[PDB]
Ligand SMILES: *[C@@H]1O[C@H](CO)[C@@H](O[C@@H]2O[C@H](CO)[C@@H](O[C@@H]3O[C@H](CO)[C@@H](O)[C@H](O)[C@@H]3O)[C@H](O)[C@H]2NC(C)=O)[C@H](O)[C@H]1NC(C)=O
Ligand SMILES: *[C@@H]1O[C@H](CO)[C@@H](O[C@@H]2O[C@H](CO)[C@@H](O[C@@H]3O[C@H](CO)[C@@H](O)[C@H](O)[C@@H]3O)[C@H](O)[C@H]2NC(C)=O)[C@H](O)[C@H]1NC(C)=O
Ligand SMILES: *[C@@H]1O[C@H](CO)[C@@H](O)[C@H](O)[C@H]1NC(C)=O
Ligand SMILES: *[C@@H]1O[C@H](CO)[C@@H](O)[C@H](O)[C@H]1NC(C)=O
Ligand SMILES: *[C@@H]1O[C@H](CO)[C@@H](O)[C@H](O)[C@H]1NC(C)=O
Ligand SMILES: *[C@@H]1O[C@H](CO)[C@@H](O)[C@H](O)[C@H]1NC(C)=O
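Protein chains in written order, with the authors' numbering: chain C, 19 to 146, 148 to 245, 253 to 297; chain S, 644 to 673, 686 to 692; chain E, 848 to 890; chain A, 990 to 1038; chain B, 941 to 1038; chain U, 298 to 441, 444 to 643; chain G, 545 to 594; chain R, 743 to 838; chain P, 743 to 791.
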C-alpha cells in the first residue's frame, strides 16, 4: 500500500543479553569470559507492530544489517511474528535462510529463493494445504535441511492477561550458526520498557552452515482483517553486539544469576 | 601526585582516611559527597 | 627528564618535608619544656 | 619476540627480587630508628653504648 | 584489630592460588595439555614443546620458593621480637620506655 | 641412596612417593554412526576444475584410516605436523575433502609456511593452515590446446583465505574498463593448461586435496570406532570418556548438569565430573590415592630397624599386605606383626 | 615511531643525522626538506586509580 | 606422563634444593613456636581459691567447663581468626 | 606494539603479581616513616622567651 514512513525510537535495555558461553558446567565460581555480549544500558530499537493506520499495512520489516549479532525480543500477547530471513541482498541469486513455524516444525530450509517485496504469512490456516507459502515462489538448488520440533514451546491456550517475553540471539561465526532462547512471564502490561531482571539464554540448536549473511529481515503473520491484511498488536526489539569482557557469577545450582562487565564504569573495572 | 577528578576540595583539616599522596587525603562525609583536604 | 618513559615512575611520599619538620619541632619543644613526662601522659 | 619477551621478563623479575630484598633491610633500619627514638628522646636509657 | 594475623594467611593463600593458576599458561607452546600435545605432535618437536613447559614450571617453582624464603625471614624476625617481649615483660618488670 | 652416604644419623627423612596405577581400560563411545566412504565423495564421468567447488558432504562417519590403505592408488595420508601413528585413532569434527584440481608442481607451497604467485592470485595458502596434505595416484584419469581446466593467473591483488575466485573479474589498468577486448595490459584466463605430452614426467594437474580440521571443539563426529567397554566403579582405571585420555576413580555423582551441559570443572580449572555418553548418568572423576613416604631411623651406628610414615592417607587404603598393583615393589614393610598406629 | 614533533635547540653538526640520549633512544632527527632539526618526545601517558 | 619423567631427568637436580629449602622452612616454623612459648620447665597450677587481693582474673584463667582448656578471651580470639586457617582436618577422608 | 602485547598475553598474568609486589613496598614505606616520626599526640610549642 501507499503507507508512509515511521520514526524509529530507542529505549534503555537495562541488564539484558546474557547467554552461556561455554558447555562446561561450573558452580560457585566467578569466571571471566571474553566474548561478544550486549553492553549494559545500551540503546535498543523498539518498533511497535500495531494495526497500521487503523487497518493499513505498514512496512515494519526493515532491511536491517546483520553486522555481528542481534538481540531480537518480543513482548507479544499472542503469536504474530515468525520468520527471520537472512540474506546478502534478498534475491534469488543469494542463499537465504528462514525460520518458519508451519504446523509443528521449524523447517530449516537452506536454498535460494525469490522473495516478494512484502513477505507475510497468515496466522490462521486457510480453509480446505494453505496458500501461506507466498513469501517465495521458486527454489533453485538445495544443500541442507533440518526438521524438528518448533523452537517456540510457549502456548497461549491457558488464558489471557499474560504476554510473552521471547528472547533470541543469532550469532554467526567461522561457519557456525548458534541459537539461544529463553521465555519468562510478564506482570506489567506496559510494553514501553523491559523489566529489570537477569535472564539466562540457554542454547537450543547449532547449525554447521557457512553462509555469508550481511542483512536481517523479519516476517509477520496477518491472516485477515477480522481491507488489507491485518491482525492485533505486537512489538519486537533489535539490538546489536560488539566484543566485550564480562564476569559471570555461577550459583550452587550452576546457573548464571548475575554478571558484571569490565568497561561500563570505573567501579566495574575495579570489581 | 596528579590530576584528581570527582572530588571537591575543602579548607577544613581532618584526620587522614584514604591517602591520595603528598599530604592530601580523601574521605566520604557531608548532601553526601567525596571531599579532598 | 629523570629517565622517564618505558613505564618507570616515582610516587611522591605521603608525608611532605614540612610535616616531618613540625613533628621534630614538637618533639624538641616537649623534651625541653616537660622532660620525659610528655611520653607517658600529659605534659 | 617470544625470546625477547622471556629475557625482558627475566630482567624485570630480577629487579623486583632485588627491591624486595632491600626492603627488608630498610624495614630493619626503620625499626631500629623507631626504638632508639622511643628509648633515647622520650626518656633516659641505662643501656650501655 | 587482628589484621596482622590475617595478612599472613591472605598472603599465603594468594601465593598458592597464583601458583595453581600458573599451570594453565601455555608458555608459547601449542597446547597446555600433556595428553593433547603428546598425541597431536611428532617426537622431533614434542621434545622442545615439552621442554618449554618444563622450563616455565621450573621458573614458577623457583620464584615461589624465593618469596617463601623472603616471607620466612620476616616471620622469624617477628618471632624473635615476640620472644624478647615475652621474656622481658611477663617474667619481669621493664624500665624501657614504650 | 638418597643421602648419598653409607652412614645415616638419627632423624626423619623424606625419600619418595607412592601411587596406585590404573588396573583396567574403559572406552565409552556413542553407538550411532554411519559408513564413511573416503574416496566416493566425487562421482562423475569427467572431473571439473578448481572453480567447481561443489561436492557431496561427508560427516558423522567412521574414519577408519585402514580404508585409505585399502584403496590401491592411495599414497599420501601423512600429516606434516602430526604423526600418522597417533592419527590412526584420533577423532575430528566436520572434516570434508575439498574438490579442487591444481597443477601440483609446487609441493612445498601447498604445505603451510610458503606463499607464491599462485597463492597470490589463484588461491591463497597461508603460512598457518590446519589442513593436511592428502594425495593419491589419479593423475592419469584426470589428465587428458585443451584448456578446459581454466585457472586465474591474474587477479586484482592478493586475496584472503576462503576468498576463492568464482566470478571472473579481469584486471583493469586504465581509465576505461576492459570491455570485450583482450588488449595490452589486460589479460584473460583463457589459456592452455599445459596438457601437451612434452613434459610427460609430470606437468598435468594432479589432484591435491586439503581437509579442514577441528580439534575437539565439539563432540567427536568423524573417526574410526573402538571397542566400547562397560564402565567400572571405585577402581583406579584408565577412562576414555568422549575420547579424552584420563586416569582416576569413577563414582556416582549428583552434579545436576543442564540438558545441554556435558563436562564439569572446579575452582582449580580442572575436570571434576563427566556424563555417560550412552546412558543419562552423571559421574565425578577423581584420581586414586597418593602421598609421601618418610623414613624414621635411630641411626646406622645403633641399629638397622626403621619405621615408615605414610602422610595424609588412612591406614585402610594402603596396608602393608597390598602388592597387586602399586609402586614400591620390594616395599613390603613386613606385616601387622608390629601394630599400625593412626596419627593426625 | 610516535612522538610529539616540535622545535629543537640541539646544534647538530652539518653531517650529523640522528640524535641519541643517555638511555640510547631516538631524541632528534634531521629535516629532509630543510636544515632545521626537530625534537621527538612521546605524548602523555600514565596510570589511573579509583 | 611417563615420558616427562625421563625428559625431566636431563635437567639435573632441580628438585633436591626445593625440598631442602621447604624442609628448612618447616623446621624453622616449629623452632619459632618452641622459642616463643616453651620458656618454663614446670607446669604450675592456680590454687582452688580464686581470691587475689580483690582482683578478678576469671576472664583470663582457664576453665575446665570445656574440652579445650581455653579462657574466654582466647575463645573470642579463636572465633575471630577462624575465618581462614589450615583446615583442621588432614585425614583425606572428607576429600570426596 | 599491540602485536607484542598479543604475543605476550599467552604468558598468563606475570604483571599483576609484580604490580602487587611493588605496591606492597610502596605502602610499607609510608608506614616506616609514620612509625618513626608520628610518636606524639599533640603539637607542642615553645614559649617566646
Ligand atoms: C538448587 O536447585 C534446587 C532445585 O532443583 C533448589 O531448590 C531445592 O530443591 C530441592 C528439590 O526439591 C529441595 O529439596 C526438598 O526439600 C524439602 C524440604 O524443604 C523436602 O521436604 C523435599 O523432600 C526435598 O528434599 C530443596 O529444599 C530446595 N532448596 C535448597 C536450598 O536446596 C535449590 O535452592 C538450588 N540451590 C540454591 C543454593 O539455591
Ligand atoms: C569476675 O568477673 C566475672 C565475669 O564478669 C563475674 O561473673 C559474672 O557475674 C555476673 C553477676 O552475677 C553474671 O551476671 C549474671 O549472671 C547470672 C548467673 O545466672 C545470669 O543468669 C545473668 O544473665 C547475668 O549474666 C555474669 O554472667 C558472670 N559472668 C560469667 C562469665 O560467669 C564474677 O562474678 C566476677 N567475680 C568477682 C569476685 O567480682
Ligand atoms: C540513544 O537513545 C537516546 C534516548 O532515546 C537518544 O537521545 C540518543 O540520540 C540515542 N543515541 C544513538 C546513538 O542512537
Ligand atoms: C580556602 O583557602 C584558599 C587558599 O588556599 C582561599 O583562596 C579560599 O578563599 C579559602 N576558602 C574559604 C576560606 O572558604
Ligand atoms: C546408542 O545411543 C543412543 C543415543 O541416543 C541410545 O539411545 C541407545 O540406547 C544406544 N544404544 C544402546 C544399545 O544402548
Ligand atoms: C580412617 O578411617 C575411616 C576411613 O578409612 C575414617 O573414619 C577416617 O578417614 C579415619 N578415621 C580415623 C579414626 O583415623
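Note that the Cβ used here is the ideal one computed from N, Cα and C, for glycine as well.
{"query": "Beta-carbon neighbours of residue 874 of chain E, restricted to chain A and to distances below 9 Å", "result": "1026, 1030 and 1031"}
{"query": "Chain-ordered neighbours of residue 869 of chain E on chain P, where CB pairs are closer than 9 Å", "result": "785"}
{"query": "The alpha helix (DSSP H) enclosing residue 540 of chain U, as first and last residue numbers", "result": "Note, residue 540 of chain U: premise wrong, no alpha helix (DSSP H); beta strand (DSSP E) at 535 to 540."}
{"query": "Three-pair Cβ contact test at 8 Å for the region 320 to 329 of chain U versus the region 576 to 595 of chain U", "result": "yes"}
{"query": "Short CB-CB distance (under 8 Å) between residue 1007 of chain A and chain P", "result": "no"}
{"query": "Chain B contacts from the region 554 to 571 of chain U (Cβ-Cβ distance under 8 Å)", "result": "567 and 568"}
{"query": "Euclidean distance between Cα positions of residue 42 of chain C and residue 519 of chain U", "result": "16 Å"}
{"query": "Segment contact, 8 Å Cβ cut-off, at least three pairs: the region 945 to 959 of chain B with the region 311 to 319 of chain U", "result": "no"}
{"query": "Exposure of residue 275 of chain C, with buried meaning 16 or more beta-carbon neighbours within 10 Å", "result": "exposed"}
{"query": "Short-range partners of chain B found in the region 1011 to 1023 of chain A, where Cβ spacing is below 7 Å", "result": "1013"}
{"query": "Residues that DSSP places opposite residue 433 of chain U in a beta bridge", "result": "U/371"}
{"query": "Nearest-angstrom Cα separation, counted from residue 583 of chain G out to residue 848 of chain E", "result": "14 Å"}
{"query": "Unbroken beta strand (DSSP E) run spanning residue 620 of chain U, endpoints", "result": "It is not in any beta strand (DSSP E) - residue 620 of chain U carries neither H nor E in the DSSP assignment."}
{"query": "Assigned secondary structure, residue 305 of chain U (DSSP; H/G/I helix, E/B strand, else coil)", "result": "coil"}
{"query": "Touching by the beta-carbon criterion (3+ pairs, under 8 Å), the region 419 to 435 of chain U and the region 526 to 545 of chain U", "result": "no"}
{"query": "Assigned secondary structure, residue 749 of chain R (DSSP; H/G/I helix, E/B strand, else coil)", "result": "helix"}
{"query": "is_contact[residue 946 of chain B, chain P] using C-beta, thresh 8 Å", "result": "no"}
{"query": "For residue 512 of chain U, the nearest candidate out of U/406, U/455 and U/391 (CA to CA)", "result": "U/391"}
{"query": "Alpha-carbon to alpha-carbon, residue 803 of chain R and residue 785 of chain R", "result": "14 Å"}
{"query": "Residue 524 of chain U (DSSP reduced to helix, strand or coil)", "result": "coil"}
{"query": "Ligand 3 heavy atom lying under 7 Å from the CB of residue 251 of chain C", "result": "Note on chain C: consecutive modelled numbers read 245 then 253, so residue 251 of chain C has no coordinates in the structure shown."}
{"query": "Supposed close pair residue 690 of chain S, residue 653 of chain S - CB separation, criterion 8 Å", "result": "5 Å"}
{"query": "The alpha helix (DSSP H) enclosing residue 381 of chain U, as first and last residue numbers", "result": "381 to 384"}
{"query": "Close beta carbons around residue 26 of chain C, own chain, < 6 Å, minus the five adjacent residues each side", "result": "63"}
{"query": "DSSP-derived helix/strand/coil call for residue 49 of chain C", "result": "strand"}
{"query": "Short Cβ contact (8 Å threshold) for residue 586 of chain U with residue 546 of chain U", "result": "yes"}
{"query": "Residue span of the alpha helix (DSSP H) that contains residue 870 of chain E, given as start and end", "result": "864 to 881"}
{"query": "Check whether residue 360 of chain U and residue 396 of chain U have beta carbons under 8 Å apart", "result": "no"}
{"query": "Within 8 Å, strictly: CB atoms of residue 289 of chain C and residue 139 of chain C", "result": "no"}
{"query": "Given residue 962 of chain B as reference, the closest of P/776, P/755, P/777 and P/761 once Cα atoms are compared", "result": "P/755"}
{"query": "Identity of the residue in U/548, U/343, U/498 and U/427 nearest residue 838 of chain R by Cα", "result": "U/548"}
{"query": "Residues that residue 586 of chain G contacts on chain F, provided the C-beta gap is smaller than 7 Å", "result": "Reference to chain F is not applicable here, since the protein chains of this structure are C, S, E, A, B, U, G, R and P."}
{"query": "Distance between residue 337 of chain U and residue 363 of chain U (C-alpha atoms, nearest Å)", "result": "15 Å"}
{"query": "Residues that residue 391 of chain U contacts on chain C, provided the C-beta gap is smaller than 7 Å", "result": "227"}
{"query": "Rounded distance between the beta-carbons of residue 175 of chain C and residue 97 of chain C, thought under 8 Å", "result": "7 Å"}
{"query": "Residue 185 of chain C and residue 173 of chain C closer than 8 Å at C-beta", "result": "yes"}
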